[PDB]
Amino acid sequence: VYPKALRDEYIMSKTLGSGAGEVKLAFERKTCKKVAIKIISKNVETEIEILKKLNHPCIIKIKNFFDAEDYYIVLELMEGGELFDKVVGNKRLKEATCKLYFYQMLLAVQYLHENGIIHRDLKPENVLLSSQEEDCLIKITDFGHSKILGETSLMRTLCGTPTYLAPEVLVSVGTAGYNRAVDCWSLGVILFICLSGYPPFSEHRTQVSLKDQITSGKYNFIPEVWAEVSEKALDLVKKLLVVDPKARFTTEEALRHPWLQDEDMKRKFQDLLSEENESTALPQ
């Protein structure tokens, strides 16, 4: 059965998704409104803490949380489902739809990085759509692998004289503080899949191992699928799939790329934000 405290505030209904994890439709008794309830079989409390602090329109908000039994996380309903379903089976989005979605993922990830959070599991399964219409708001979800940046053990070590410090610690200094770049690589892979309908690194019809494809940065380019995709879109993809994390595009540099200097798309985004927002009277 469901826990008593949950049943007290919500009525449970049908299944919406089935991860590995389950998501259910429920109604909040007090308001009679639809919510979604993520059930996780039993750092989930830390994921909750992270998600209570975050406030961005492209990031999922927690409405409630119960620790049974199992963990139950109540959130806003995203009737559009996962982005994954819009890209599976070589289905692909129109270029204008990718730009809208991608702009939102960048802003979301940018906001995470400004606030010392790395997501570490960005993929189409973790991007949710606000409605069944192609032009909609998306929200990033699933902070189970996320990581809070802060004062590292490395920084504390480098305040003393390194008389006793091992060489590998000193060499790691050259590349520390670039952990966030794994989110930018993931965005690059997501963008690729969105624009093309297929993944860049895959074991389908190759003898190069997946690992060797990824560490060399040699993505599977099929010229006849990309023919109808602009050059600007492909150019952004290439600056995100750069193997050196220090040379890879950050969220900032991706937001300044020619492909995202599209004032139609930005207006379409601003207007979607207003549609979502229903709140109080202002002075004036």
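Note that residue numbering follows the sequence shown and begins at 1.
S.K.: How much of the deposited sequence is absent from the coordinates between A20 and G21: none, 1 to 3, 4 to 9, or 10 or more residues?
M.R.: The entry has a short gap there, with 1 to 3 residues left out between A20 and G21.
S.K.: Going by the record, give me the number of deposited-sequence residues missing between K42 and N43 as none, 1 to 3, 4 to 9, or 10 or more.
M.R.: A long stretch, 10 or more residues, is missing between them.
S.K.: Got a sec? Mean C-alpha B-factor, which is higher, 156-164 or 140-148?
M.R.: The entry gives the higher C-alpha B-factor average to 156-164.
S.K.: Looking at the deposited entry, does 82-90 or 184-192 carry the larger mean Cα B-factor?
M.R.: The entry gives the higher C-alpha B-factor average to 82-90.
S.K.: Quick one: which of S216, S230, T251, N64 shows the highest Cα temperature factor in the PDB entry?
M.R.: If I rank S216, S230, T251, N64 by C-alpha B-factor, first place goes to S230.
S.K.: Among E114, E125, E134, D212, where is the Cα B factor highest in this entry?
M.R.: Of the options given, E134 has the highest CA B-factor in the PDB entry.
S.K.: Pull the Cα B-factor of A5 out of the PDB entry and bin it into the chain's lowest, middle or highest third.
M.R.: Lowest third.
S.K.: Which third of the chain holds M12 when residues are ordered by C-alpha B factor: lowest, middle or highest?
M.R.: For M12, the deposited C-alpha B-factor lands in the middle third.
S.K.: What third of its chain, lowest, middle or highest, does the C-alpha temperature factor of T175 fall into?
M.R.: For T175, whose C-alpha B-factor we compare with every modelled residue in the chain, the answer is the middle third.
S.K.: If you rank every modelled residue in this chain by C-alpha B factor, which third holds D70: lowest, middle or highest?
M.R.: As the PDB entry reports it, the C-alpha B-factor of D70 lands in the highest third of its chain.
S.K.: Going by the recorded CA B-factors, say which third of the chain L51 sits in, lowest, middle or highest.
M.R.: Middle third.
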